[PDB]
RNA sequence: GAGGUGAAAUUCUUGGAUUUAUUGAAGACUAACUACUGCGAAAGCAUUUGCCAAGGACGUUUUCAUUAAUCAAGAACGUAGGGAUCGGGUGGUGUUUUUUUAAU
């Protein structure tokens, strides 16, 4: 803080002056899976590539919370950021895979208002691979056209019907798919319109979203499958000259 | 095949719509009775084969 | 929509940036133009301008946030202190508003700041220690005090202001 | 171990100033074909490059050199079964595909890259009932085409892979099978019309189908892509299997 | 070609934090507070204190090499104010002015679902 | 904000320029009157120091810019610039025709420490890095090629090459002398008991004395011209 | 509650005027109608 | 340096406090939706799903035939009118809906 405040018996321990770590750090760049476009998402510091807690295994656990507008180049979904788990380090390029998805909180806090009721659902579902997802879904009552009453409330025995049909159909949409297919069908926001089409029979149902996919168990690595999700590659020679 | 889909859809929507309104207003039976149709059902053949299947 | 004719000229010809009123997601997006727009913080100042206006202050108050850039905008809630069940919450907002807005306007003219208050969340804009003075007067009043006593306390705080 | 069975370099020990005993072991064991290289990350490792090939695995050449250096310089290694029905697979006319291995799937991955281009183009257009899910089902997409798909190969019967697309679950589909299949032809006509409208670098031509019997009016389209591959599009509807169960 | 850090601007009570990290979250770069610039102990939550703190962070991050900052404002969360104070906007205005490209302003303040 | 102080009795700010990016590498010529400075985006301005203002721009590059070097013999007509990088590359510019001579993308980390000399226009150069590769090139005036790599095990910062043809390297508080045209460390100082390493080498009296400024705030003297004719 | 009843009167007025306006008022697309 | 206040102070912190990220465990609570709305005899009652029983209103050309009310003792638990809304039913006839899978 300053000179007049206190010594406080903790500054007597001496300071171990300077290590200058950014001369030692190293830049990697991240390659997203090829379900998206624009797979280069940015760069990451790690450590110096030495032995004794090496770089390629001090890596490969982290996540990056990138924005879907930054992945797709289209500002129609500025919300719905995703989380990519960096998994296989391969020649300066962190090959990553899908790990989660969440709305930026301003979007749902501006979606929810009073004089309407919202519906929540969430299932634990295994995909066709051995991933398991606590996949969520949010829903909202539409004020019907030519309405008069301010309310637009659900009868809470329609709520069980809407939640049953929404858990059933998104359980079907997960279980008939793999994780890459789940991302490539979640990106152009189509289970939302599928919920609205299969659920407009019972209630009018303003904008539907999914807003959360949480992975709870991962199968194995399968290096070849992860390389198949991007493109192949074979690290080979550079000249010795000594 | 464009003129084929044009002609086939043009006769099909016409016969479908006339069958739909024909089952939607088929009130008279010859002895007093009024056929219950149900909402937005499209065909007398459809309700006939449905009531044959529900045996 | 009713104040859009007075909002955008202090976003275009006074302050140098450009606006769009997106009806896609019902928002306002602001670009800065690389060709001729100066003032590298003007994007942030105009964003905070329309943020204060959509948050609830009036448009002259938001222009007062746009010019004279050192006025910030604090926000807090009724629900943090004493947990305020709904009948007492009605007592709370009625006690802060007074009668015909008179206690709120007293705090406004006293502590050189301007407040607005939603059903459970209030906002004060001004300078930073005036925000703190208004916030301690508001939290004393929402704890529940005689308005004559908070009038005398604001006489003392106005004497600190002079 | 079939994972790294055909990895074309063999990373031995790392390089330091003090030459370690395993580095000396590797030097004396390989010798004239050992080297020390930098990899792309930056580390330096003694290794041995191997010119891979399609008519062999590299383990043949490795055991050839590592026996003709150690057990005898005249001990002839004879194998011909692998060389005989390791190239009974048709050699795909690609850049350097004789030099590439057999576990390489880059022809399939190039086909899927062209499919992703077509995927984005078929999504971000507009339909009266938009695409719910387009997904491939073809043999190249399951990596079991006989020849590896080279671009512009017309005459292979496994050329036109089939991708299916399902639309939104709309109730306004017609009742009987000839009219709903004719509506599927209507939707395919719409998407090829807009495809020739906006993306002239692709092309489209229709095709009657006959494998599903007793409805001669099932029509697919086939996209000829500028990358060199073709795709056969089949529309699936929610009404189809309940129409067949009705029948 | 730009590269991106992540701000994690903490608009706490009686203090303000700014420390940009590379967008994983592990390798933090230049942790500053509101205390280590001003010398009074009364306004270590000052808007001016957060202002020159964000200026020093901008200088150090341009020294390292990151040019854009995805900015994420966090209040103190919990069963407390749940909403940024003045120090958050002060640091935001400072490092939006100081030659650093800004991306994706958010709010990552924790919400309780009625804890104690 | 670039400034220059004339070191003589007029100690006033002679010239002051507004440079684009906050820069962190400067080098003046082996002669006077040339000062090169490159920012943290791709822009390497060079300035005649007498009548101080911009004489070359050199947008040119990519990423933040690492160390660089001049090629200066008094009364020449060559006048090259070295121009290292953070993403590993060396893009050599001249100053008499404002052209990129040769683009070289071969490294893997920040290209610190590069040096240019001629041995009978031959003009061999040598570029170290935070990766452990010093990677000297032949570097003809028209079209260039490569020669040996000779790989020191350090993190080389300011590899002042071509001593009396013998290279230097620092970066673990270890001043390695390495022969050219073959690889052998032959003189190397005592590794200290700290972790702090070499920030900078500094040549005195035409590459005969060496100042060593550390990561710590100390600065040492070496006397290479005695300790090369000397082991350790 | 007065504001509630006023907003309901406004909505009923808007709906009556909307109903009043409602009462007072190529090949492949012909095949691809009704969807 | 963190904390904390009107200022402080105590405390914690180079054996790395605060902050950041990846997790894991523990108990309690059910943010926004939340209203002059719902239920219960009353106190009270807000996550989902299932089970176990119960209860209210409505519907009724179903049955019994005064079985009703009121409370000591005891017992269990702790003046007339109009608008709007919730639950049920009837009728109307437009859009949401849709069609031979069931439902309504």
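Quick note: the coordinates plus some simple rules give every number you see, no bench work behind them. With ideal geometry, Cβ positions are generated from the backbone for all residues, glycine too; neighbour counts draw on all protein chains shown.
On average, how many beta carbons from a partner chain sit within 10 Å of the beta carbon of a residue in A:103-110?
Average per residue, whole number: 3.
Per residue of B:2-13, how many C-beta atoms from partner chains lie within 10 Å of its own C-beta, taken as a mean?
Rounded to a whole number, the mean comes out at 6.
Kindly provide the pair-distance distribution of segment D:60-196 built from C-alpha pairs, with 5 Å bins from 0 and whole-percent values in order of increasing distance.
2, 7, 13, 14, 12, 11, 9, 7, 6, 5, 4, 3, 3, 2, 1, 1
Once you order the gyration tensor axes a ≥ b ≥ c over the Cα atoms, which shape class does segment A:156-242 get: rounded for a/c under 1.5, otherwise prolate or oblate by comparing a/b with b/c?
Working: a/c = 4.42, a/b = 3.28, b/c = 1.35.
Because a/c hits 1.5 or more and a/b exceeds b/c, segment A:156-242 counts as prolate.
Using Stokes-Einstein with the Kirkwood hydrodynamic radius over Cα pairs, what translational diffusion coefficient do you get for segment F:54-97 at 10 °C and a viscosity of 1.306 mPa s, in µm²/s rounded to a whole number?
Approximately 140 µm²/s, per Stokes-Einstein.
Restricting to the protein assembly as shown, what percent of DSSP beta bridges are antiparallel, rounded to 5?
On the way: 122 of 141 bridges.
Once the DSSP bridges in the protein assembly as shown are tallied, antiparallel ones form about 85 percent.
Can you work out the base-10 log of I(q)/I(0) for segment D:198-247 at q = 0.14, 0.24, 0.27, 0.32 1/Å, using the Debye formula on its C-alpha atoms alone?
-0.49, -0.94, -1.06, -1.22
May I ask for the distance between the Cα centers of segment E:30-50 and segment B:1-52, given as a whole number of Å?
Result: 79 Å between the Cα centres.
So what's Rg/Rh here for segment F:119-231, counting alpha carbon atoms and using the Kirkwood radius for Rh?
On the way: Rg = 14.3 Å, Rh = 14.6 Å.
Across segment F:119-231, the Cα-based Rg/Rh ratio is 0.98.
Mind pulling the per residue volume of the convex hull built on the Cα atoms of chain F? Å³ is fine.
Per-residue hull volume (Cα only) is 141 Å³.
In percent, how large is the relative contact order of chain D, given Cα pairs closer than 8 Å and 6 or more residues apart?
Numbers: 306 pairs, mean separation 35.4, N = 247.
In percent, rounded to a whole number, it is 14.
Please compute the contact order of segment D:29-166 in relative form: average sequence separation of alpha-carbon pairs under 8 Å and at least six residues apart, divided by the residue count, as a percent.
21 percent.
At a 10 Å Cβ-Cβ cut-off, how would you order C:162, A:12, fewest neighbours first?
C:162, A:12
Compute the relative contact order of segment A:23-231 as a whole-number percentage, counting only Cα pairs closer than 8 Å that sit 6 or more residues apart in sequence.
20
Over the C-alpha atoms of segment A:1-145, what are the Rg and the largest Cα-to-Cα span, Dmax, in Å?
Answer for segment A:1-145, Rg first and Dmax second: 22.6, 73 Å.
Just from its helices, what would the mean residue ellipticity at 222 nm be for chain D, if runs of 4 or more DSSP H residues each count -39500 (n - 2.57) and the sum is divided by every residue, rounded to the nearest 500 deg cm²/dmol?
Mean residue ellipticity, 222 nm, calculated: -9000 deg cm²/dmol.
How would you classify segment F:2-89 from its alpha-carbon gyration tensor, with a ≥ b ≥ c the square roots of the eigenvalues: rounded for a/c under 1.5, else prolate if a/b is greater than b/c, otherwise oblate?
Oblate.
So, how do all the Cα-to-Cα distances of chain D break down into 5 Å bins, in percent, from 0 on up?
Calculated over all Cα pairs of chain D, the distribution is 1, 5, 10, 12, 12, 10, 9, 8, 7, 7, 6, 5, 4, 3, 2, 1, 0 percent.
Using a Gaussian network for chain C with springs between C-alpha atoms less than 10 Å apart, which of these wobbles most: C:144, C:41, C:127?
Highest fluctuation of the listed residues: C:41.
Residue by residue through A:188-196, how many Cβ atoms from other chains fall within 10 Å of the Cβ on average?
Other-chain Cβ atoms within 10 Å of each residue's Cβ, averaged: 3.
Please determine, in degrees from 0 to 90 and to the nearest 10, the orientation of helix D:21-30 with respect to the longest principal axis defined by the Cα atoms of chain D, where the helix direction is its Cα long axis.
Approximately 80 degrees, to the nearest 10.
Between residue D:88 and residue D:27, what's the calculated FRET efficiency when r is the beta-carbon distance and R0 is 45 Å? Round to 0.05.
Efficiency for this residue pair is about 0.65.
Do the sum for chain A: with -39,500 (n - 2.57) for every DSSP H run of n ≥ 4, divided by all residues, what is the mean residue ellipticity at 222 nm, to the nearest 500 deg cm²/dmol? Could you put the intermediate results ahead of the total?
Numbers: 7 runs with 57 residues, N = 242.
Roughly -6500 deg cm²/dmol at 222 nm, from the helical runs in chain A.
When the C-alpha atoms of segment F:125-188 are aligned to their principal axes, what extent does each axis show, in angstrom, from largest down?
Here the spans come out as 38, 23, 15 Å, largest first.
Restricting to chain E, compute how many DSSP beta bridges are antiparallel as a %, nearest 5.
Bridges in chain E that DSSP calls antiparallel: roughly 40 percent.
I need the shape label for the protein assembly as shown. Rule: rounded when a/c is under 1.5, else prolate if a/b > b/c, else oblate, with a, b, c from the alpha carbon gyration tensor.
Oblate is the answer for the protein assembly as shown, as a/c is 1.5 or above yet b/c matches or exceeds a/b.
Per the Debye formula with a single identical scatterer at each Cα and no solvent contribution, what log10 I(q)/I(0) holds for chain C at q = 0.11 Å⁻¹?
Debye intensities relative to I(0), on a log10 scale: -0.53.
I'd like the distance separating the alpha-carbon centroids of segment F:78-93 and segment A:84-98, in whole Å.
31
Quick one: helix D:106-123 against the long Cα principal axis of chain D, what's the angle to the nearest 10°, folded into 0 to 90?
The helix D:106-123 is inclined about 30 degrees to chain D.
Over the C-alpha atoms of chain E, what are the Rg and the largest Cα-to-Cα span, Dmax, in Å?
That works out to 13.8, 47 Å for Rg and Dmax.
From the C-alpha gyration tensor of chain B, pull out the three semi-axes of the equivalent ellipsoid (sqrt of 5λ each), sorted largest to smallest, in whole Å. Please report the intermediate quantities before stating the final value.
Details: eigenvalues 169, 39, 13 Å².
Taking √(5λ) for each eigenvalue gives 29, 14, 8 Å, largest first.
Would you mind getting me the FRET efficiency between residue C:22 and residue F:75? Use the beta-carbon distance for r and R0 = 56 Å, nearest 0.05. Provide the component values of the computation, followed by the final result.
Details: r = 65 Å, r/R0 = 1.16.
Given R0 = 56 Å and the Cβ-Cβ separation, E is 0.30.
Can you give the angle from 0 to 90° between the axis of helix C:147-161 and the longest principal axis of chain C, with both taken from C-alpha atoms, to the nearest 10?
The angle comes out near 50 degrees.
Could you state the principal axis extents of the C-alpha atoms in segment A:23-231, from the largest down, to the nearest angstrom?
Extents along the principal axes, in whole Å: 70, 34, 26.
Applying a 10 Å radius around every beta-carbon, put D:162-171, F:70-79 in order of their mean neighbour count, most first. Provide the component values of the computation, followed by the final result.
Values: D:162-171: 17.1, F:70-79: 13.5.
Taking the mean over residues of other Cβ atoms within 10 Å, the ranking is D:162-171, F:70-79.
So how do E:83-95, G:1-13 stack up, highest first, on mean other-Cβ count within 10 Å?
Details: E:83-95: 25.5, G:1-13: 9.7.
Top of the packing list down: E:83-95, G:1-13.
Where does chain C land at 222 nm, in deg cm²/dmol rounded to the nearest 500, when only DSSP H runs of n ≥ 4 count, each adding -39500 (n - 2.57), divided by all residues?
Only helices count here, giving -15000 deg cm²/dmol.
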